[PDB]
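Numbers for residues simply follow the sequence, beginning at 1.
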Amino acid sequence: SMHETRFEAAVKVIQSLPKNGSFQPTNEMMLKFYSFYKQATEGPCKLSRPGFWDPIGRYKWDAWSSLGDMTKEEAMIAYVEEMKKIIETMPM
């Protein structure tokens, strides 16, 4: 599908920024990207929240859980739209 192809292209773009540029998305933005990636591929968050002692686990889970019943296609659209917005503002 058009959205699935766009999604794969976008994922590649984001993956490449910490490797091929001098600038990358913020940690906050990376968690947002993770949330849409999970929602697009695995669907809605299923598991219980990690414990207080696992910060990155908790930040991850909170971001993914936040999306609720977002569909897989909506999460692909969201990921792509977020990537476009970052690329529009960020020196490459």
Practice item. Classify the angle between the aromatic ring planes of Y34 and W64 as parallel (below 30°), tilted (30 to 60°) or perpendicular (above 60°). Key: perpendicular

Study note, to complete from the structure: d(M92 CE, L17 CG) to nearest 0.5 Å is 5.0 Å

Practice item. Only pairs at least two apart or in different chains count here, so list each salt bridge (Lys or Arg N to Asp or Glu O under 4.0 Å) that has a residue in residues 1-11. Key: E8-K12

Check your understanding: According to the interplanar angle, ranging from 0 to 90°, do the rings of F33 and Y79 count as parallel (below 30°), tilted (30 to 60°) or perpendicular (above 60°)?
Key -> tilted

Practice item. Check whether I77 and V11 end up in the same hydrophobic cluster, where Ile, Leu, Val, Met, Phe, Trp and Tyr are linked by side-chain heavy atoms less than 4.5 Å apart. Key: no

Practice item. List the atom of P50, the atom of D54, and the distance in Å for their closest heavy-atom pair. Key: CB-OD2, 3.7 Å

Check your understanding: If you look at every heavy atom in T89 and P91, which pair is closest and at what distance?
Key -> O-CD, 3.7 Å

Check your understanding: Can you name the closest pair of heavy atoms from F7 and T41 and give their distance?
Key -> CE2-CG2, 3.9 Å

Review point. Got a second to check how far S35's OG is from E82's CD, nearest 0.5 Å?
Key: 9.0 Å

Check your understanding: Looking at NZ of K60 and CG of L31, how far apart are the two atoms once the value is rounded to the nearest 0.5 Å?
Key -> 9.0 Å

Review point. Nearest 0.5 Å, what's the NZ-CH2 distance between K38 and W61?
Key: 14.0 Å

Check your understanding: Is the side chain of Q39 donor-acceptor paired with the backbone N or O of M70 at a distance under 3.5 Å, no angle test?
Key -> yes

**Study point:** Reported CD-to-CZ distance for the pair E81 and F36, which is rounded to 0.5 angstrom
**Key:** 8.5 Å

Check your understanding: Any side-chain heavy-atom pair from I86 and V13 closer than 4.5 angstrom?
Key -> no

Exercise for review: Check side chain to side chain donor-acceptor pair (under 3.5 Å) between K19 and all other residues, then give those that pass, not counting sequence neighbours.
Suggested key: none

Review point. Taking atom OG1 of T5 and atom CE of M76, what is their separation to the nearest 0.5 Å?
Key: 9.5 Å

Study note, to complete from the structure: Taking every heavy atom of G68 against every heavy atom of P44, the minimum-distance pair comes out as O-CB, 3.6 Å

